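Peer 1:
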Amino acid sequence: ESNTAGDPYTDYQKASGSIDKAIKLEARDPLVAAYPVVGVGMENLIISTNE
Amino acid sequence: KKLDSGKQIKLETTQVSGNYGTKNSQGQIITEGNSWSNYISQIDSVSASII
Amino acid sequence: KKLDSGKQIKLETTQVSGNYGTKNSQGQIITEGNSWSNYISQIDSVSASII
Amino acid sequence: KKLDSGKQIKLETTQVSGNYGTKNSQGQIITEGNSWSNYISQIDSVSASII
Amino acid sequence: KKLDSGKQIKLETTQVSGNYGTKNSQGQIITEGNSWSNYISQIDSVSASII
Amino acid sequence: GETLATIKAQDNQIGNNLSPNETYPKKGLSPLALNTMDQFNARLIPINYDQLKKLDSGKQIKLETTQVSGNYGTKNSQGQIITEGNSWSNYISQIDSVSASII
Amino acid sequence: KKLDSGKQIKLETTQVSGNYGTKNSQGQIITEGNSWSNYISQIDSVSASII
Amino acid sequence: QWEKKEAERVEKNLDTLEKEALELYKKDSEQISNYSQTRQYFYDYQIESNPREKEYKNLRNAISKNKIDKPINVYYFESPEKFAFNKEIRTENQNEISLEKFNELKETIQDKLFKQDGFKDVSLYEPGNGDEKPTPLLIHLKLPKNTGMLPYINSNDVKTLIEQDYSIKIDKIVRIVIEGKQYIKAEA
Ligand SMILES: [Ca+2]
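Below, the structure written as structure tokens:
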């Protein structure tokens, strides 16, 4: 496999570091995948009664 | 007025549209010009349905 | 007012537009620049109809 | 008010736009960017018109 | 209220845009990227006017 | 303590150039108008009745900038300068990672 | 109400966008991708302004 | 439209070293072309030691990775001394071709079998206005079933990179007028 971890970057790019410099160094191991886990949290809710 | 009675609304899916992925020799996956509609009719003509 | 009587609305199709598929060396099918309207008149002009 | 009388509405075609078909690099017919308006003035300019 | 008097609406043309025709890599005439506005300023600044 | 609206600047509010140590509009001009909220600049920014009654007191509306989009300049095959497909957010994260900030 | 008085509406130009002409592979003048905003700052940063 | 789409699409399903050979083709077109023309005339150690062999065969496999399904008509310019005509048809700042040079060329390019070699870029349409035309001789070739063609882009246009393991057979030459110059269209 050229992409062992299944992510857009190959094993050489991840091992050497020729990727986004904002990527955690954890993901520079060809077994750990570069992967964002994004979630939304609501803080408060406003209601506008259009009488 | 008909719905304010024992009448219910059913839902029938008539078709589904979606993409498939195509890898290069690296892990570059594209899912844009790739439609399953191009192949639904061809697969349903050379096959036998098993469920 | 006509409609709230014996009068009925008829539906007749004047034309139909749609695509054909063209493969490649592999089984990559494309149905986007392929328009049947480019060939409808040419087919009608060199043929005999049999129903 | 003028129309609730002997007055009628006429209809005059000031121009008509459309396409012509050519064969692209392969045996496929294309009619997309081939506009007839590019050739109307030029055809009228070098011709005699017989009806 | 001005208009329901001797006052009239005049029409003045500030500019006109349009295309010209050139032969493309085929025998076909193309008038899409061709714009007379690209040459209106250049012709006026190299010539003399005659009416 | 509540966000009325989050507005992205559309065509009427985009600044074509912004050099360092400068503003848009320039030093001698009057500020922009952030009037609308939709994409085509045809829908104004509404508040409801409670927020309007809150404004008819000492309460003030604050403005925070959460991000800015913009381009940089690059020379193409010819000697032209292309600033169209050149986004700064492609590097905003990478620069913040390999750097120390000094103000 | 402020305008139904001695007060006037002033107008200020904050920026102007536009194109410049460039002769492409053939003798055609192109002004589409060419924007003066790409050079406004560069010109203002290497120059003295004489009026 | 069609060629732009298919070309920009082939430039993704290429292997990284294949795109390496294709992009270092846009740098050493003449050099790697001549080396593809004359690579096979060495010793074996003189072959697998040559640093161009990597890109050479990578580019060759990239080409042969997409073979056509039906015959195609291609167009490309050629120099006269490619066909043993060691004189000039006319200098490219002249506009006319003399009947004498026409007869000489016809006499010398009618009865041979010119083997070809290496890579070359071709087009799918005759030259127009804006295209570069340095030589008076225009070869109209017919590429047959299953011949590798690779469409690539020099950032504005499309070229068809092919490899030549055939031998061209001239059928008829005619003198053509293009833009007020006189070229030669030879059917091969
Ligand atoms: Ca691997």
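Protein chains in written order, with PDB author numbering: chain G, 262 to 312; chain F, 467 to 517; chain E, 467 to 517; chain D, 467 to 517; chain C, 467 to 517; chain A, 415 to 517; chain B, 467 to 517; chain H, 18 to 205. Yeah, the Cβ is synthetic: ideal placement off N, Cα and C, and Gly gets one too.
Could you name the residues of the same chain whose beta carbon sits closer than 8 Å to that of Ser-483/D, not counting the 5 residues immediately before and after it, in chain order?
Peer 2: Correct list, in chain order: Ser-501, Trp-502 and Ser-503.
Peer 1: Within the present structure, is the beta-carbon of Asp-268/G separated from the nearest heavy atom of ligand 1 by less than 7 Å?
Peer 2: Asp-268/G Cβ: outside cutoff for every heavy atom of ligand 1.
Peer 1: Can you tell me where the beta strand (DSSP E) holding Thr-177/H begins and where it ends?
Peer 2: 175-180 is the extent of the beta strand (DSSP E) around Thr-177/H.
Peer 1: Helix, strand or coil for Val-194/H, going by three-state DSSP, please let me know.
Peer 2: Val-194/H: strand per DSSP, three-state reduction.
Peer 1: When you compare the CB of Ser-491/B with every CB in chain H, is at least one pair closer than 8 Å?
Peer 2: Yes, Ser-491/B counts as interfacial toward chain H.
Peer 1: Taking any heavy atom of ligand 1 as the mark, which residues have a C-beta closer than 6 Å to it, listed down the chain?
Peer 2: Listed by chain position, these are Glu-262/G, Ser-263/G, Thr-265/G and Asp-272/G.
Peer 1: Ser-491/D: which of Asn-103/H, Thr-177/H, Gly-135/H and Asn-30/H sits nearest, CA to CA?
Peer 2: Nearest of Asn-103/H, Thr-177/H, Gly-135/H and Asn-30/H to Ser-491/D, Cα basis: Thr-177/H.
Peer 1: Give the secondary structure of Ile-459/A by DSSP, where H, G and I count as helix, E and B as strand, and everything else as coil.
Peer 2: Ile-459/A: coil per DSSP, three-state reduction.
Peer 1: Might you give, ordered along the chain, the residues of its own chain that have their beta carbon closer than 8 Å to the beta carbon of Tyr-142/H, omitting 5 neighbours on each side?
Peer 2: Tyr-92, listed in sequence order.
Peer 1: Skipping 5 residues on each side, what residues in its chain have a beta carbon closer than 8 Å to that of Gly-487/B?
Peer 2: Excluding sequence neighbours, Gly-487/B sits near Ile-495, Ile-496, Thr-497 and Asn-500.
Peer 1: May I have the straight-line CA-CA distance separating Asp-510/E from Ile-516/E, to the nearest angstrom?
Peer 2: Rounded to the nearest angstrom, the two C-alpha atoms are 12 Å apart.
Peer 1: Give the single residue among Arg-56/H, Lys-118/H and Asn-30/H whose Cα lies nearest to the Cα of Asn-83/H.
Peer 2: Of the candidates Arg-56/H, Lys-118/H and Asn-30/H, the one whose C-alpha sits nearest the C-alpha of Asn-83/H is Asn-30/H.
Peer 1: Short of 6 Å in beta carbon distance, which residues of its chain neighbour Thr-55/H, apart from the five on each side in sequence? Order them along the chain.
Peer 2: Hits under 6 Å: none found.
Peer 1: Am I right that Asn-67/H and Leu-34/H are in contact with their C-beta atoms under 8 Å? What's the rounded C-beta distance?
Peer 2: Contact flag wrong, Cβ pair sits at about 16 Å.
Peer 1: Return the chain-ordered ranges of every beta strand (DSSP E) run that is complete within the region 52-112 of chain H and spans a minimum of 3 residues.
Peer 2: Runs of the beta strand (DSSP E) inside the region 52-112 of chain H: 89-95.
Peer 1: Since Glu-478/A and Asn-305/G are thought to touch, with beta carbons under 8 Å apart, how far apart are those beta carbons, to the nearest angstrom?
Peer 2: About 16 Å separates the two Cβ atoms, so there is no contact after all.
Peer 1: So with CB distances below 9 Å, who are the chain C contacts of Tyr-142/H?
Peer 2: Correct list: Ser-491 and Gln-492.
Peer 1: Residues bridged to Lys-189/H by DSSP?
Peer 2: Answer is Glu-204/H.
Peer 1: Within 8 Å of any Cβ in chain A, is that where the Cβ of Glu-478/B sits?
Peer 2: Yes, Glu-478/B counts as interfacial toward chain A.
Peer 1: Can you tell me whether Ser-184/H is helix, strand or coil according to DSSP?
Peer 2: Of the three classes helix, strand and coil, the one that applies to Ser-184/H here is strand, per DSSP.
Peer 1: Indicate whether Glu-180/H and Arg-77/H have their beta-carbon atoms separated by less than 8 Å.
Peer 2: It is a contact, given that the beta carbons lie within the stated cut-off.
Peer 1: Can you tell me which residues form a DSSP beta bridge with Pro-168/H?
Peer 2: In the DSSP output, where bridge partners are listed per residue, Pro-168/H has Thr-177/H.
Peer 1: Starting from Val-27/H, trace the alpha helix (DSSP H) in both directions and tell me its first and last residue.
Peer 2: Its alpha helix (DSSP H) spans residues 19-27.
Peer 1: With distances taken between CB atoms, is the gap from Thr-480/B to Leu-443/A smaller than 8 Å?
Peer 2: Yes, they are a contact pair.
Peer 1: Identify the continuous beta strand (DSSP E) that holds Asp-138/H and give its terminal residues.
Peer 2: First-last of the beta strand (DSSP E) with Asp-138/H: 136-139.
Peer 1: Go through its chain and collect everything with a Cβ distance to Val-191/H's Cβ below 6 Å, but skip five positions before and after it.
Peer 2: Same-chain partners within the cutoff: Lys-202.
Peer 1: Helix, strand or coil for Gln-199/H? Go by DSSP, reduced to three states.
Peer 2: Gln-199/H falls in the strand class under three-state DSSP.
Peer 1: Cβ atoms of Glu-121/H and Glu-72/H: under 8 Å apart, would you say?
Peer 2: No, the Cβ-Cβ distance between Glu-72/H and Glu-121/H is not below 8 Å.
Peer 1: In the DSSP assignment, find the unbroken beta strand (DSSP E) run with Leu-160/H in it and report its ends.
Peer 2: Looking at the DSSP string, the run of the beta strand (DSSP E) that includes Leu-160/H is 154-160.
Peer 1: Report the residues of the region 144-172 of chain H with a CB closer than 9 Å to any CB of chain C, ordered along the chain.
Peer 2: So the close ones are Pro-144, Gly-145, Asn-146, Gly-147 and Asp-148.
Peer 1: Give me the DSSP bridge partner(s) of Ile-496/D.
Peer 2: Paired residue(s): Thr-488/D.
Peer 1: Would you tell me roughly how many angstroms separate the C-alpha atoms of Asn-462/A and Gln-427/A, rounded to the nearest one?
Peer 2: Roughly 25 Å separates the two Cα atoms.
Peer 1: State the Cα-Cα distance for the pair residue 243/H and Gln-508/E, rounded to the nearest angstrom.
Peer 2: Outside the modelled stretch of chain H, which goes from 18 to 205, sits residue 243/H, for which no answer is possible.
Peer 1: Hey, would you say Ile-106/H sits closer than 8 Å to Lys-118/H, going by beta carbons?
Peer 2: Cβ atoms of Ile-106/H and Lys-118/H: closer than 8 Å.
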